[PDB]
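1. Can you look at this? It's an experimental structure, sequence on top.
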Amino acid sequence: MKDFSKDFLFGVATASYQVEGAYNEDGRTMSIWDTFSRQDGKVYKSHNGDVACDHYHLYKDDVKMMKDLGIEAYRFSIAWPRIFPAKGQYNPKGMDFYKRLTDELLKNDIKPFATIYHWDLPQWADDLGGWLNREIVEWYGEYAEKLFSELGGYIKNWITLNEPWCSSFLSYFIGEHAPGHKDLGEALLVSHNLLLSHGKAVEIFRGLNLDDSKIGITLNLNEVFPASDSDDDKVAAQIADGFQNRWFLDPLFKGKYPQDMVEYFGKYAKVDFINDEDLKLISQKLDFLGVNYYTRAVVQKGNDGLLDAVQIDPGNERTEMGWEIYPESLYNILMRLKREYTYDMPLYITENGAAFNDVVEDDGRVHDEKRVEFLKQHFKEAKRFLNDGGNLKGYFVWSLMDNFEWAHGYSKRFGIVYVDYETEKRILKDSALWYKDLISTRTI
Ligand code: NA
Ligand code: NA
Ligand code: NA
């Protein structure tokens, strides 16, 4: 009796700038994150993805590594600056890498899930305004259409955007991520142009009518808890919940922005980008939703720079990210989507994982027992989601290997495989061996 069906997809995930390296090889030009990493202080210790895990050169070994673990699906992102290193200038050599990457995956029985945009916007695009420029909808559409045309016979599962909350609010309001702006109004406009660009790709994808091929989007979602019973903390929680979750779930799946947040934001910034025709493109029917889940937020009333909600530390065990380990919110979010937003639409966990202080023992092993127990606890919640009727199709662990964790640089290790960056040596962590056994047995 299986807890995960034979059709269930046990997978792992990466992103192009986090693992590839070869940042200027074969015609790749800079992305906003190459640029951001070279601005003083914007990435911890001035780390950058010049080399990363060198997955661009080592991909055959990395696919062979995944085969030997039993991995059934691999979620990766395609580097826009590799494909169009300049506006209107296609680079065949860049496509060739994803063609041979994909071919190696298929020969090794691994199903490719390709993320179209995972934050590595071409610098030429940002120099024209980037996501603040409404014309990015066409540039993104042409980019997506090129991928569908050249790879659509071999990649059958497509994700338009990874975590637009990060590309918008974290990049243009908080400013921790590239391009690092700090203007709420720009963040709101960016969030709309991202969703509109996603809708353009979906429209193009449907026009092509490719056989047995599916499209969706990936959202990082949390569950928000008020710190107290008070009405002021409940209001703070509604703000945080709409800030993180509802601002993207409502337009995608209801066809409108959450009206309370339209009202709230409207006291501080312009919200005049909303209109009916844009929202119809944004709310097109998807084949699946990918969920990125890591932690919950406990908020109380106040304002410390962001909005009118202050996140607090409730006092339980956290990862090296400072993120609380709270597995039950994974079930609560999945069930909330089933009840209020996605109904019986296929759902995927496109990212879940944890960063811990991994050390290689003198015998060559990594005993990351905290990561093993982390993943055990969350797969148990996925198993409970399935038992209660949830349409969960797969689970992508973040990450296959230690990589470049954005503004943290290489200081945070998410992999089930350890990477010694001086030698690029890969070392299976105990969590990888645990994952391999979970895939073989399919019971937890
Ligand atoms: Na890189
Ligand atoms: Na740098
Ligand atoms: Na949909």
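-> Sure thing, it's come through. Residues are numbered from 1 along each chain as shown. Ligands and ions are numbered 1, 2, ... in the order given.

2. Going by C-alpha atoms from here, please, whenever you check contacts or count neighbours.
-> OK.

3. how about the strands in the stretch 151-300 of the chain?
-> Read by DSSP state E, counting those that start in this stretch, the stretch 151-300 of the chain holds these strands, from start to end of the chain: 157-162, 214-220, 224-226, 288-292, 297-300.

4. Can you give me the buried ones in the shortest one?
-> Pointing back at strand 224-226 there. Counting neighbours by 16 or more other CA atoms under 10 Å, one finds that the buried residues in strand 224-226 are 224-226.

5. Each with direction, which strands does it pair with?
-> According to DSSP bridges, the neighbouring strands of strand 224-226, each with its direction, are strand 297-300 (parallel).

6. Over to the first one?
-> Partner strands for strand 157-162, per DSSP bridges, with pairing direction: strand 111-117 (parallel), strand 214-220 (parallel).

7. Buried deepest among the ones you listed, which one?
-> Per-residue neighbour counts averaged over each of these give the maximum for strand 111-117, namely a mean of 24 (mean count of other CA atoms under 10 Å).

8. if we can go back for a sec, out of the strands paired with strand 157-162, which comes closest to ligand 3?
-> Closest of the strands paired with strand 157-162 to ligand 3 is strand 214-220, at 7.9 Å (criterion: CA to the ion).

9. List, one by one, the residues from the protein near ligand 3.
-> When proximity is defined by CA under 5 Å from the ion, the chain lies next to ligand 3 at 285-286.

10. which residues does the spatially most central residue of the chain contact?
-> Note on the chain: the residue nearest the mean C-alpha position is residue 162, at 4.0 Å, using CA atoms, centre = their mean. Remark: with contacts taken as CA atoms under 8 Å, 6 or more residues apart in numbering, residue 162 is in contact with 115, 117-119, 217-219.

11. any idea of the angle the longest helix seen in the chain forms with strand 214-220?
-> When secondary structure is assigned using DSSP state H, the longest helix within the chain turns out to be helix 184-208. Per axes from the mean of the first three to the mean of the last three CA atoms, to 10 degrees, the angle that helix 184-208 makes with strand 214-220 is 160 degrees.

12. contacting residues around helix 184-208?
-> Surrounding helix 184-208, the residues in contact under the criterion CA under 8 Å, 6+ apart are 131-134, 136-138, 140-141, 144-145, 148, 160-161, 164-165, 167-169, 171-173, 215, 217, 252, 268-271, 273, 278-279, 281-284, 286.

13. Let me see the ranges of the helices in the stretch 201-350 of the chain.
-> Listed in chain order, the helices found in the stretch 201-350 of the chain under DSSP state H, counting those that start in this stretch are 231-241, 247-253, 259-266, 276-282, 328-340.

14. Return the list of helices and strands in contact with the last one.
-> Spelled out, that is helix 328-340. Under the contact definition 3 or more CA pairs under 8 Å, 6 or more residues apart in numbering; DSSP states H and E, helix 328-340 sits against helix 369-387.

15. May I have the helix it packs on as PDB, with CA atoms only?
-> What follows is helix 369-387 as a C-alpha-only set of coordinates in PDB (Å, rounded to 0.1, in the frame of the first residue of the first chain):
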ATOM      1  CA  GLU A 369      20.100  14.800  10.200                       C
ATOM      2  CA  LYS A 370      18.200  18.100  10.700                       C
ATOM      3  CA  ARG A 371      17.500  18.200   7.000                       C
ATOM      4  CA  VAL A 372      16.400  14.600   7.000                       C
ATOM      5  CA  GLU A 373      13.900  15.200   9.800                       C
ATOM      6  CA  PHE A 374      12.800  18.500   8.100                       C
ATOM      7  CA  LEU A 375      11.900  16.700   4.900                       C
ATOM      8  CA  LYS A 376      10.300  13.700   6.700                       C
ATOM      9  CA  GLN A 377       8.000  16.100   8.500                       C
ATOM     10  CA  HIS A 378       6.900  17.900   5.300                       C
ATOM     11  CA  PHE A 379       6.500  14.800   3.200                       C
ATOM     12  CA  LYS A 380       4.200  13.500   6.000                       C
ATOM     13  CA  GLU A 381       2.100  16.600   5.500                       C
ATOM     14  CA  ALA A 382       2.000  16.000   1.700                       C
ATOM     15  CA  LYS A 383       0.900  12.400   2.400                       C
ATOM     16  CA  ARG A 384      -1.800  13.800   4.700                       C
ATOM     17  CA  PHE A 385      -2.900  16.200   1.900                       C
ATOM     18  CA  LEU A 386      -3.300  13.300  -0.500                       C
ATOM     19  CA  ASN A 387      -5.200  11.100   2.000                       C
END
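
16. Give the buried residues for it.
-> 370-372, 374-383, 385-386.

17. Fine by me, thanks again.
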